[PDB]
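Below is one structure; the comments refer to it alone.
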Amino acid sequence: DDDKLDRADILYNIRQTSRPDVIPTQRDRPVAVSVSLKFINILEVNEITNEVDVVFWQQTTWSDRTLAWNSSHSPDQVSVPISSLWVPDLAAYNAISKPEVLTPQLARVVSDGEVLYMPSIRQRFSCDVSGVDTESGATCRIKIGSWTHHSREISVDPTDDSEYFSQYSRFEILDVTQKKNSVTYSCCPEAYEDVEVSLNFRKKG
Amino acid sequence: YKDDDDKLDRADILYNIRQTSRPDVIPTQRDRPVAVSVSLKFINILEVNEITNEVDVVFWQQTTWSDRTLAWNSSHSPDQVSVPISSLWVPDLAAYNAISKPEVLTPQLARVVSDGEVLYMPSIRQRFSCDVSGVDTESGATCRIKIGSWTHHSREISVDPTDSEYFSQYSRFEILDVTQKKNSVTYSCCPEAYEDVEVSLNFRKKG
Amino acid sequence: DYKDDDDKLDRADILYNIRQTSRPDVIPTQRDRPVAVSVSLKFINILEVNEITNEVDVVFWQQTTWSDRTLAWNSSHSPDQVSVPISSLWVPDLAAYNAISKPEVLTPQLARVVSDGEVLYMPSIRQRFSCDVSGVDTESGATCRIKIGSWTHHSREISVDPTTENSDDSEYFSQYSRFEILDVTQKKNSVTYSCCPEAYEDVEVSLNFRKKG
Amino acid sequence: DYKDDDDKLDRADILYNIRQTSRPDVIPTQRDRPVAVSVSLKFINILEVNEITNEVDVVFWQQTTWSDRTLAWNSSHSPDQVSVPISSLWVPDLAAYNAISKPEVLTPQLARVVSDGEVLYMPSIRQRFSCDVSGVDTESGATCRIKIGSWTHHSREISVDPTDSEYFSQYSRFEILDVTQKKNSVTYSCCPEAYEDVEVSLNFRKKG
Amino acid sequence: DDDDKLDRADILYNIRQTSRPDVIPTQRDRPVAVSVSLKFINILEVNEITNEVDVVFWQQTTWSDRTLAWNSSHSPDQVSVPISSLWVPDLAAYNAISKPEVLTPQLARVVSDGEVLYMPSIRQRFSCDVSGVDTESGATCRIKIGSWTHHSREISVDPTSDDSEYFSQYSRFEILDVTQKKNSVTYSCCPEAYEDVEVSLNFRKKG
Ligand SMILES: Nc1nc(-c2ccc(C(F)(F)F)cc2)cc(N2CCOCC2)n1
Ligand SMILES: Nc1nc(-c2ccc(C(F)(F)F)cc2)cc(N2CCOCC2)n1
Ligand SMILES: Nc1nc(-c2ccc(C(F)(F)F)cc2)cc(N2CCOCC2)n1
Ligand SMILES: Nc1nc(-c2ccc(C(F)(F)F)cc2)cc(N2CCOCC2)n1
Ligand SMILES: Nc1nc(-c2ccc(C(F)(F)F)cc2)cc(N2CCOCC2)n1
Ligand SMILES: *[C@@H]1O[C@H](CO)[C@@H](O)[C@H](O)[C@H]1NC(C)=O
Ligand SMILES: *[C@@H]1O[C@H](CO)[C@@H](O)[C@H](O)[C@H]1NC(C)=O
Ligand SMILES: *[C@@H]1O[C@H](CO)[C@@H](O)[C@H](O)[C@H]1NC(C)=O
Ligand SMILES: *[C@@H]1O[C@H](CO)[C@@H](O)[C@H](O)[C@H]1NC(C)=O
Ligand SMILES: *[C@@H]1O[C@H](CO)[C@@H](O)[C@H](O)[C@H]1NC(C)=O
């Protein structure tokens with residue numbers, strides 16, 4: 001796991017095999033991407049205009065098996081800059097600002113061909129904050145899917161509630177759930193898979 | 001369609017597109033202007049200021065055109081592919097009454113279809129100066145957005161327009177009507193005519 | 001001629017010739033004479049004003065033109081003009097002496113190059129300036145100046161020649177703006193500073209405006 | 001040696017040699033031992049404080065050093081150190097876990113390379129953090145806790161090792177009572193392996 | 001003879017072939033003498049509570065690299081060059097509390113005798129003593145500018161005729177005095193000295 005030249009070699013191999021603009025399909029099956037959200041913070045919450053500002057830890061994984069190697073005497077994982085990798089084109093449907101990445105833009109590649117990209121993000125969303133002061137709290141739903149690939153090319157999926165959530169927040173997390181969802185729009189005949197993350201939270205009392 | 005996931009067939013189409021594609025040159029065919037279809041679909045309203053007459057909107061910008069030099073036989077290969085928009089010509093659209101840089105909320109990819117059609121449909125948050133009077137009244141306020149090609153006159157580029165289903169439930173405002181008109185203006189600066197789509201939007205507060 | 005404007009292959013060749021000849025970092029001087037650059041502002045919107053700090057926020061259309069005849073070609077059977085990315089062309093290095101923010105370009109960064117070596121670049125720009133705003137409430141309006149000059153090139157290399165004057169200054173201006181424009185004028189100035197024995201040419205633009213209603 | 005240092009050609013050759021031996025995307029691990037990165041925060045200012053929202057704005061000088069023997073050269077008759085743009089060098093991927101903004105880098109982005117293989121990267125950063133701010137308008141003051149860790153590399157590849165009004169501003173509204181720096185290894189339920197990090201405790205109060 | 005376009009492009013080519021942008025241009029084993037002056041253009045704001053100050057200043061940097069020099073007998077005396085092609089000094093304000101914002105194009109003059117001039121106009125926020133701004137004596141704010149990564153054996157900053165000369169007449173504030181001075185500090189992390197120039201600005205509000 002710890003020879004610089006072995007790492008430089010693995011990296012070199014990934015840079016040949018990997019085509020960054022082409023989706024990594026195997027055997028006529030959609031690429032199976034698994035998304036999961038962990039919340040880190042809730043910073044602002046406007047009940048008049050229906051917006052929140054959050055920081056979340058976005059764990060995405062997929063399998064590009066052509067990147068795989070034998071690791072019996074070499075390292076099992078390495079870090080690659082994401083400009084050298086195809087990453088999925090996920091978008092959050094009810095975002096109202098550009099996503100702001102707060103972490104170095106690197107992925108792990110695992111010798112079985114698995115790719116993990118888990119950046120931490122700040123973003124404002126437009127959502128229902130009705131009930132944020134009550135005891136049963138508000139429920140804001142976030143929708144996240146593949147922007148330009150339909151369900152026959154990219155298949156999204158959902159992989160404790162407050163394990164990484166700051167203790168210095170004004171808000172508290174009651175429950176967080178994730179549901180897979182295939183949806184068609186009147187524009188395009190094809191479906192787009194998304195994950196709907198439903199966060200249930202309230203102000204602290 | 002059944003052959004939509006050959007990673008190799010896909011890579012080959014991307015390669016092909018990158019060779020034929022001339023990103024800086026308008027893809028005219030047969031001495032006709034490029035016809036570009038332009039439409040908005042509103043997603044949200046974020047800020048309304050009745051004093052200064054401004055509005056923040058997130059709208060979904062539907063833009064399509066064709067370049068038959070990119071076409072291919074898709075009988076046994078993928079029907080569409082995604083392409084980074086730096087590899088294709090894109091039209092230089094501009095909103096005349098906009099007062100801030102447009103902010104693109106989605107990945108900057110276009111779809112290319114086997115028949116030579118190109119679809120670029122970004123989601124955009126932008127700020128416009130427009131008439132926002134009547135917004136607390138039953139008829140509502142009517143605000144227009146004028147979107148035309150900036151450098152190419154009508155002789156080279158024409159823009160044509162092709163209810164808020166994708167409009168947020170949680171917005172403070174409600175849409176009443178959305179119409180789309182085609183204008184063709186000659187400015188006192190240049191002897192030629194620039195075309196544009198006008199998008200009139202009637203909207204009002206809820207309660 | 002206008003009849004051949006669209007032939008895709010012809011346009012590409014013109015774009016190719018332009019890149020082979022254009023030197024983006026060199027002033028296109030002709031015959032021991034300075035490069036003449038025509039400058040015209042047209043105001044679009046006056047976004048905000050602060051009478052206490054003396055700042056304004058404007059959107060203007062900045063029309064700029066100049067000649068490089070080494071770019072010319074025979075338009076007898078060819079497109080008369082084409083659009084070019086400005087990264088492929090020399091562009092004048094104009095600065096706003098009293099800008100207090102970076103310029104934000106609103107529009108696509110493309111120039112039109114015409115078949116006789118004329119280049120037009122007219123972006124739309126939002127910028128914040130520092131100027132005299134007192135009077136803005138009265139009926140005679142306020143009067144705010146903006147100096148714009150060549151930063152690193154002096155008069156014998158670049159001369160900004162005033163493109164004035166209107167009609168017409170209230171034409172591209174938002175009618176839905178809190179403010180209205182009385183008059184606009186332009187002046188060519190030529191200043192020699194402490195540092196350099198060389199003189200820099202600038203264009204002073206005066207905008208007279210008041211709050212409506 | 002100190003005499004050499006000013007030879008424009010000698011430096012050019014050193015800088016050439018570094019760009020060739022340096023691979024920016026590979027951790028400079030030697031001997032099967034995890035790269036040791038020494039980190040150190042010196043505070044410079046405390047600017048925006050919100051007691052209601054638990055946010056703070058700080059300008060701090062981050063001091064980072066590590067060792068890469070492959071970059072080393074015989075400096076008997078050449079310069080002992082040179083400046084290098086960090087685009088030419090591997091730099092560790094550090095990240096503040098409680099930062100709620102993107103770091104704003106206030107200084108030129110150069111590192112120093114010493115001829116014995118030490119690399120020194122010491123940028124001045126402004127950044128907003130989410131932390132315990134209550135107690136700030138009182139004498140024992142507040143106690144914030146920034147944590148700085150290796151994002152994608154775990155303990156077997158990168159290991160952080162720790163190491164104060166000297167560089168702090170006397171024109172700050174705030175003043176500093178104590179600063180401590182502990183090493184911390186923690187395992188998150190996602191990945192089997194542990195990540196090293198440095199909890200920097202800052203103790204400070206408003207004036208008067 | 002300053003305008004022959006071919007002579008310019010040739011000079012610009014010679015400059016790119018011999019110039020190494022990442023290497024300090026030292027000569028005869030002496031440090032590089034970088035000369036620095038600040039002329040103030042404006043003051044945007046002042047916060048008495050927090051000791052912040054927003055200022056627009058014209059930074060005047062000049063230094064020599066005799067390896068760029070050419071014979072200007074029948075070619076131009078000077079030319080403009082993108083700073084990406086040249087080595088440029090890594091200056092920094094110790095008491096800056098914001099990213100510097102360059103308001104001007106990033107071009108340097110090169111003079112044929114080997115001299116380089118980089119003179120950008122900059123907008124930056126500083127933290128400094130601001131008390132006394134309303135009083136007739138005025139407040140005194142100190143900016144400390146120095147070389148960040150290069151110590152004194154490598155780069156030395158030397159300050160080089162009245163202010164209120166490029167200073168905006170429309171400012172709330174007026175400048176009472178400006179003095180430049182040179183210090184040389186060693187910090188407890190590293191045994192080599194770093195030179196800086198402290199610009200002292202004495203100013204007050206107007207009546
Ligand atoms: N997942 C997803 N994808 C698209 C989409 C479809 C096609 C294109 C294309 F091909 F034109 F580039 C772009 C986006 C649009 C879309 N919606 C648009 C309206 O807001 C809800 C989501 N959602
Ligand atoms: N569509 C459009 N195009 C232009 C335009 C822009 C650039 C050029 C040039 F010089 F590059 F050729 C010409 C016209 C100007 C224009 N107007 C200018 C003022 O605002 C209303 C619209 N509208
Ligand atoms: N047109 C113009 N050019 C300069 C100028 C800029 C850069 C250089 C240098 F050093 F790069 F050569 C010289 C003069 C400075 C200048 N002024 C600076 C002070 O405010 C009034 C305008 N105006
Ligand atoms: N040092 C560190 N690293 C991670 C982490 C980031 C990326 C990856 C991946 F996907 F690249 F493998 C793994 C762990 C996560 C993490 N924390 C978990 C999120 O909350 C803050 C602390 N801390
Ligand atoms: N001019 C200067 N340089 C440094 C400095 C910067 C980088 C490095 C390193 F590590 F990259 F070599 C060393 C010292 C530090 C420094 N100060 C330390 C605190 O901030 C005020 C002054 N001032
Ligand atoms: C993996 O490692 C080496 C050769 O690469 C060898 O010991 C072993 O047989 C390999 N196993 C597989 C499944 O290729
Ligand atoms: C499309 O491709 C296949 C193979 O070349 C062929 O069967 C079919 O006739 C082609 N169609 C056209 C339009 O040429
Ligand atoms: C352009 O016109 C002719 C015909 O295209 C060409 O041969 C000649 O070089 C040019 N001269 C004229 C007539 O402008
Ligand atoms: C380095 O070079 C010097 C001078 O050439 C020589 O004396 C020495 O043996 C070399 N080895 C070391 C000390 O690394
Ligand atoms: C330029 O010509 C020569 C050769 O470059 C040079 O040495 C001298 O300084 C100049 N000659 C004149 C005419 O002054």
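Chains: A, B, ... in order of the structure tokens. Residues: from 1 per chain. Ligands: from 1, in order shown.
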
Run DSSP on the backbone and give me the residues of stretch 12-213 of chain C it puts in strand (DSSP E or B), as number ranges by chain. C: 30, 33, 35-50, 55-67, 81-85, 94-96, 99, 104-105, 110-114, 118-121, 124-130, 142-150, 158-162, 179-192, 199-211

Distance query residue E:75 at most 7 Å, only C-alpha atoms, self and fewer than 2 positions along chain excluded, as a ChimeraX atom specification: /E:1-2,7,72-73,77

Using only C-alpha atoms and all ligand atoms, determine which residues fall within 9 Å of ligand 6, then list them as number ranges by chain. A: 69-74

Ligand 9: which residues are within 8 Å, counting only C-alpha atoms and all ligand atoms, as a PyMOL selection string? chain D and resi 73-77

With 7 Å as the cut-off and only C-alpha atoms and all ligand atoms counted, what is the closest atom pair between each nearby residue of chain C and ligand 8? Distances in Å to one decimal, ordered by chain and number, as CSV.
residue,atom,partner,partner_atom_place_in_ligand_line,distance
C:74,CA,ligand 8,1 (C),4.8
C:75,CA,ligand 8,1 (C),7.0
C:76,CA,ligand 8,2 (O),5.6
C:77,CA,ligand 8,5 (O),6.1

Spatial neighbours of residue E:120, max dist 12 Å, only C-alpha atoms, sep filter under 3 positions, as a PyMOL selection string: (chain C and resi 95+97+151-152) or (chain E and resi 36-39+41+56-62+83+100-109+117+123)

Write the residues you've just listed into a file as an mmCIF file, in the first residue's frame, and include N, CA and C atoms for each of them.
data_model
loop_
_atom_site.group_PDB
_atom_site.id
_atom_site.type_symbol
_atom_site.label_atom_id
_atom_site.label_comp_id
_atom_site.auth_asym_id
_atom_site.auth_seq_id
_atom_site.Cartn_x
_atom_site.Cartn_y
_atom_site.Cartn_z
ATOM 1 N N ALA C 95 -9.119 50.994 -19.328
ATOM 2 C CA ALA C 95 -9.403 50.954 -17.909
ATOM 3 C C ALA C 95 -10.302 52.133 -17.539
ATOM 4 N N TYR C 97 -10.654 54.819 -14.793
ATOM 5 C CA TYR C 97 -9.851 55.415 -13.719
ATOM 6 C C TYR C 97 -10.574 55.498 -12.382
ATOM 7 N N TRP C 151 -4.472 51.877 -20.528
ATOM 8 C CA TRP C 151 -3.673 51.709 -19.324
ATOM 9 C C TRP C 151 -2.177 51.764 -19.605
ATOM 10 N N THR C 152 -1.688 50.880 -20.459
ATOM 11 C CA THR C 152 -0.243 50.745 -20.606
ATOM 12 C C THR C 152 0.320 51.376 -21.871
ATOM 13 N N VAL E 36 9.121 49.965 -4.710
ATOM 14 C CA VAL E 36 7.680 49.994 -4.446
ATOM 15 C C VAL E 36 7.163 51.332 -3.923
ATOM 16 N N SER E 37 6.107 51.858 -4.541
ATOM 17 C CA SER E 37 5.420 53.032 -4.003
ATOM 18 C C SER E 37 3.918 52.828 -4.012
ATOM 19 N N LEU E 38 3.223 53.415 -3.046
ATOM 20 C CA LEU E 38 1.760 53.486 -3.122
ATOM 21 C C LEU E 38 1.287 54.920 -3.305
ATOM 22 N N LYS E 39 0.467 55.113 -4.327
ATOM 23 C CA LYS E 39 -0.273 56.345 -4.491
ATOM 24 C C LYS E 39 -1.720 55.970 -4.223
ATOM 25 N N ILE E 41 -5.720 56.138 -4.475
ATOM 26 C CA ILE E 41 -6.739 56.652 -5.394
ATOM 27 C C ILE E 41 -8.016 57.042 -4.660
ATOM 28 N N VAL E 56 -8.672 51.991 -2.402
ATOM 29 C CA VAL E 56 -8.231 51.792 -3.772
ATOM 30 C C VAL E 56 -6.902 52.501 -3.908
ATOM 31 N N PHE E 57 -5.850 51.748 -4.191
ATOM 32 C CA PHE E 57 -4.535 52.349 -4.353
ATOM 33 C C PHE E 57 -3.867 51.912 -5.641
ATOM 34 N N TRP E 58 -3.012 52.779 -6.154
ATOM 35 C CA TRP E 58 -2.208 52.477 -7.304
ATOM 36 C C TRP E 58 -0.807 52.018 -6.849
ATOM 37 N N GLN E 59 -0.584 50.706 -6.867
ATOM 38 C CA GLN E 59 0.713 50.128 -6.520
ATOM 39 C C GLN E 59 1.724 50.248 -7.651
ATOM 40 N N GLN E 60 2.894 50.764 -7.323
ATOM 41 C CA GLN E 60 3.871 51.115 -8.327
ATOM 42 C C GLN E 60 5.125 50.281 -8.153
ATOM 43 N N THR E 61 5.177 49.137 -8.819
ATOM 44 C CA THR E 61 6.296 48.212 -8.693
ATOM 45 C C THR E 61 7.216 48.311 -9.907
ATOM 46 N N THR E 62 8.526 48.394 -9.660
ATOM 47 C CA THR E 62 9.528 48.397 -10.728
ATOM 48 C C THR E 62 10.805 47.659 -10.318
ATOM 49 N N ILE E 83 1.760 39.509 -17.919
ATOM 50 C CA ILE E 83 2.625 39.180 -16.787
ATOM 51 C C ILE E 83 2.841 37.688 -16.625
ATOM 52 N N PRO E 100 -6.779 40.460 -2.756
ATOM 53 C CA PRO E 100 -6.629 41.698 -3.530
ATOM 54 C C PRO E 100 -7.450 41.596 -4.817
ATOM 55 N N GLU E 101 -8.041 42.705 -5.248
ATOM 56 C CA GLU E 101 -8.849 42.749 -6.465
ATOM 57 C C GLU E 101 -8.172 43.672 -7.477
ATOM 58 N N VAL E 102 -7.606 43.112 -8.551
ATOM 59 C CA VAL E 102 -6.951 43.942 -9.559
ATOM 60 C C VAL E 102 -7.974 44.524 -10.513
ATOM 61 N N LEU E 103 -7.983 45.852 -10.590
ATOM 62 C CA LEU E 103 -8.988 46.608 -11.325
ATOM 63 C C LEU E 103 -8.539 46.916 -12.757
ATOM 64 N N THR E 104 -7.284 46.620 -13.065
ATOM 65 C CA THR E 104 -6.719 47.021 -14.333
ATOM 66 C C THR E 104 -6.240 45.781 -15.084
ATOM 67 N N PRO E 105 -5.971 45.908 -16.409
ATOM 68 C CA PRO E 105 -5.498 44.762 -17.187
ATOM 69 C C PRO E 105 -4.149 44.371 -16.658
ATOM 70 N N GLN E 106 -3.811 43.089 -16.713
ATOM 71 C CA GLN E 106 -2.545 42.676 -16.131
ATOM 72 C C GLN E 106 -1.377 42.667 -17.129
ATOM 73 N N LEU E 107 -0.965 43.872 -17.515
ATOM 74 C CA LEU E 107 0.153 44.073 -18.416
ATOM 75 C C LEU E 107 1.293 44.780 -17.707
ATOM 76 N N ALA E 108 2.521 44.422 -18.067
ATOM 77 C CA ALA E 108 3.705 45.135 -17.605
ATOM 78 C C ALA E 108 4.375 45.837 -18.773
ATOM 79 N N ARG E 109 4.990 46.984 -18.524
ATOM 80 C CA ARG E 109 5.910 47.557 -19.506
ATOM 81 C C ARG E 109 7.297 46.958 -19.356
ATOM 82 N N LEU E 117 8.343 47.461 -15.499
ATOM 83 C CA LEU E 117 7.356 48.202 -14.713
ATOM 84 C C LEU E 117 6.034 47.459 -14.655
ATOM 85 N N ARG E 123 -7.863 47.025 -5.326
ATOM 86 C CA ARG E 123 -8.804 47.298 -4.256
ATOM 87 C C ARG E 123 -8.693 46.262 -3.153
#

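The residues of stretch 12-169 of chain B that DSSP assigns to alpha helix (DSSP H) on this backbone come out as residues 12, 13, 14, 15, 16, 17, 18, 19 and 20 of chain B.
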
Would you output that residue set with N, CA and C atoms, as a CSV table (one decimal), in the first residue's frame?
chain,number,residue,atom,x,y,z
B,12,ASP,N,-16.8,6.0,-29.5
B,12,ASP,CA,-16.5,6.3,-31.0
B,12,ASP,C,-17.4,7.4,-31.5
B,13,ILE,N,-18.6,7.6,-31.0
B,13,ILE,CA,-19.4,8.7,-31.5
B,13,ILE,C,-18.9,10.1,-30.9
B,14,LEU,N,-18.4,10.1,-29.7
B,14,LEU,CA,-17.9,11.2,-29.1
B,14,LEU,C,-16.6,11.7,-29.9
B,15,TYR,N,-15.8,10.7,-30.2
B,15,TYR,CA,-14.6,11.0,-31.1
B,15,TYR,C,-15.0,11.6,-32.4
B,16,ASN,N,-16.0,11.0,-33.0
B,16,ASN,CA,-16.5,11.4,-34.3
B,16,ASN,C,-17.0,12.9,-34.2
B,17,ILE,N,-17.9,13.1,-33.3
B,17,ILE,CA,-18.4,14.5,-33.0
B,17,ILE,C,-17.2,15.5,-32.9
B,18,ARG,N,-16.2,15.2,-32.0
B,18,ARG,CA,-15.1,16.1,-31.8
B,18,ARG,C,-14.3,16.4,-33.1
B,19,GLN,N,-14.3,15.5,-34.1
B,19,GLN,CA,-13.6,15.8,-35.3
B,19,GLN,C,-14.3,16.7,-36.3
B,20,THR,N,-15.6,16.4,-36.5
B,20,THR,CA,-16.4,17.2,-37.4
B,20,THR,C,-16.8,18.6,-36.8

Proximity check chain C to chain E, 9 Å, nearest pairs one decimal Å, only C-alpha atoms, as CSV:
residue,atom,partner,partner_atom,distance
C:23,CA,E:9,CA,8.0
C:25,CA,E:81,CA,7.2
C:26,CA,E:9,CA,6.2
C:27,CA,E:5,CA,7.1
C:28,CA,E:5,CA,6.4
C:29,CA,E:5,CA,5.6
C:30,CA,E:5,CA,7.2
C:31,CA,E:4,CA,7.1
C:32,CA,E:3,CA,5.0
C:33,CA,E:3,CA,6.7
C:34,CA,E:3,CA,7.2
C:52,CA,E:172,CA,8.4
C:53,CA,E:172,CA,6.9
C:54,CA,E:170,CA,6.9
C:55,CA,E:44,CA,8.9
C:93,CA,E:105,CA,6.3
C:94,CA,E:105,CA,7.8
C:95,CA,E:104,CA,6.0
C:96,CA,E:104,CA,8.1
C:97,CA,E:41,CA,9.0
C:98,CA,E:168,CA,7.8
C:99,CA,E:103,CA,7.5
C:100,CA,E:56,CA,7.3
C:101,CA,E:103,CA,6.7
C:102,CA,E:103,CA,5.4
C:103,CA,E:103,CA,8.0
C:130,CA,E:170,CA,7.1
C:131,CA,E:170,CA,6.1
C:132,CA,E:170,CA,6.1
C:151,CA,E:105,CA,7.5
C:152,CA,E:80,CA,6.8
C:153,CA,E:80,CA,7.6
C:156,CA,E:2,CA,8.2
C:157,CA,E:3,CA,6.8
C:194,CA,E:161,CA,7.9

How would you report the residues lying within 7 Å of ligand 2, as JSON, numbers by chain, if you count only C-alpha atoms and all ligand atoms? {"B": [96, 148, 149, 150, 151, 187, 190, 194, 195], "C": [44, 61, 110, 111, 112, 120, 121, 122, 123, 172]}

Skipping near chain neighbours, those fewer than 5 positions away, what residues fall within 9 Å of residue B:9 using only C-alpha atoms, listed as a compact mmCIF listing (two decimals) with N, CA and C atoms, in the first residue's frame?
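And here's part24.txt as it stands now:
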# COMPACT_ATOMS: atom_id res chain seq x y z
N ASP B 3 -28.96 -1.08 -27.99
CA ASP B 3 -27.50 -1.05 -28.03
C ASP B 3 -26.93 0.25 -27.47
N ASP B 4 -27.69 0.86 -26.55
CA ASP B 4 -27.41 2.19 -26.01
C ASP B 4 -26.26 2.25 -25.02
N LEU B 14 -18.45 10.05 -29.70
CA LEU B 14 -17.85 11.22 -29.10
C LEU B 14 -16.62 11.68 -29.90
N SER B 77 -26.27 1.27 -32.92
CA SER B 77 -25.39 2.02 -32.02
C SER B 77 -26.26 3.03 -31.29
N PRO B 78 -25.71 3.72 -30.27
CA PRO B 78 -26.54 4.63 -29.46
C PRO B 78 -27.25 5.74 -30.23

Rounded to one decimal place, report the atom CA of residue A:141-atom CA of residue A:101 distance in Å. 20.9 Å

If the cut-off is 9 Å, can you tell me the residues of chain D near chain E, counting only C-alpha atoms? I'd like them as a count of residues only. 35

Contacts of residue B:70 within 9 Å, only C-alpha atoms, excl. fewer than 5 positions in-chain, as a PDB file with C-alpha atoms, in the first residue's frame:
ATOM      1  CA  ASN B  16     -16.515  11.430 -34.310  1.00  0.00           C
ATOM      2  CA  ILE B  17     -18.354  14.493 -33.044  1.00  0.00           C
ATOM      3  CA  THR B  20     -16.424  17.215 -37.380  1.00  0.00           C
ATOM      4  CA  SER B  21     -17.427  19.805 -34.832  1.00  0.00           C
ATOM      5  CA  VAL B 112     -26.567  15.144 -29.537  1.00  0.00           C
ATOM      6  CA  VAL B 113     -29.128  13.063 -31.448  1.00  0.00           C
ATOM      7  CA  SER B 114     -28.240  10.705 -34.325  1.00  0.00           C
ATOM      8  CA  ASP B 115     -30.322  12.796 -36.787  1.00  0.00           C
ATOM      9  CA  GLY B 116     -28.155  15.885 -36.298  1.00  0.00           C
ATOM     10  CA  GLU B 117     -30.090  17.673 -33.584  1.00  0.00           C
TER      11      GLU B 117
END

Return as a ChimeraX atom specification every polymer residue, whether protein, DNA or RNA, with at least one atom no more than 8 Å from an atom of ligand 1; count only C-alpha atoms and all ligand atoms. /A:91,93-94,144-150,185,187-188,192-194 /B:41,43,60,62-64,82,109-112,118-123,166-167

Counting only C-alpha atoms, which residues in chain C sit no more than 10 Å from chain B? For each one, give the nearest pair of atoms and the distance in Å, sorted by chain then residue number, as a Markdown table.
| residue | atom | partner | partner_atom | distance |
| --- | --- | --- | --- | --- |
| C:2 | CA | B:155 | CA | 8.6 |
| C:3 | CA | B:31 | CA | 8.5 |
| C:4 | CA | B:31 | CA | 7.5 |
| C:5 | CA | B:156 | CA | 7.6 |
| C:6 | CA | B:31 | CA | 5.2 |
| C:7 | CA | B:31 | CA | 5.9 |
| C:8 | CA | B:28 | CA | 5.7 |
| C:9 | CA | B:25 | CA | 9.1 |
| C:11 | CA | B:25 | CA | 7.0 |
| C:12 | CA | B:25 | CA | 6.3 |
| C:13 | CA | B:25 | CA | 10.0 |
| C:15 | CA | B:25 | CA | 8.0 |
| C:44 | CA | B:97 | CA | 8.6 |
| C:45 | CA | B:99 | CA | 8.2 |
| C:46 | CA | B:99 | CA | 9.9 |
| C:47 | CA | B:52 | CA | 8.0 |
| C:48 | CA | B:52 | CA | 8.5 |
| C:58 | CA | B:99 | CA | 9.3 |
| C:59 | CA | B:99 | CA | 7.1 |
| C:63 | CA | B:189 | CA | 9.7 |
| C:81 | CA | B:152 | CA | 9.8 |
| C:82 | CA | B:152 | CA | 8.4 |
| C:83 | CA | B:151 | CA | 6.8 |
| C:84 | CA | B:24 | CA | 7.4 |
| C:85 | CA | B:24 | CA | 7.7 |
| C:104 | CA | B:101 | CA | 7.2 |
| C:105 | CA | B:101 | CA | 7.2 |
| C:106 | CA | B:101 | CA | 5.3 |
| C:107 | CA | B:94 | CA | 6.1 |
| C:108 | CA | B:92 | CA | 6.0 |
| C:109 | CA | B:92 | CA | 9.0 |
| C:110 | CA | B:151 | CA | 7.2 |
| C:111 | CA | B:151 | CA | 7.6 |
| C:112 | CA | B:151 | CA | 7.1 |
| C:121 | CA | B:151 | CA | 9.5 |
| C:122 | CA | B:151 | CA | 9.3 |
| C:123 | CA | B:150 | CA | 9.3 |
| C:124 | CA | B:96 | CA | 9.4 |
| C:125 | CA | B:99 | CA | 9.1 |
| C:126 | CA | B:99 | CA | 7.3 |
| C:167 | CA | B:188 | CA | 10.0 |
| C:168 | CA | B:188 | CA | 9.1 |
| C:171 | CA | B:188 | CA | 9.6 |
| C:172 | CA | B:187 | CA | 9.5 |
| C:173 | CA | B:97 | CA | 9.8 |
| C:174 | CA | B:129 | CA | 7.7 |
| C:175 | CA | B:130 | CA | 8.7 |
| C:176 | CA | B:130 | CA | 5.9 |
| C:177 | CA | B:52 | CA | 6.8 |
| C:178 | CA | B:52 | CA | 5.8 |
| C:179 | CA | B:52 | CA | 9.4 |

Env. residues ligand 7 / 9 Å / only C-alpha atoms and all ligand atoms / as an MDAnalysis selection string: chainID B and resid 72:76
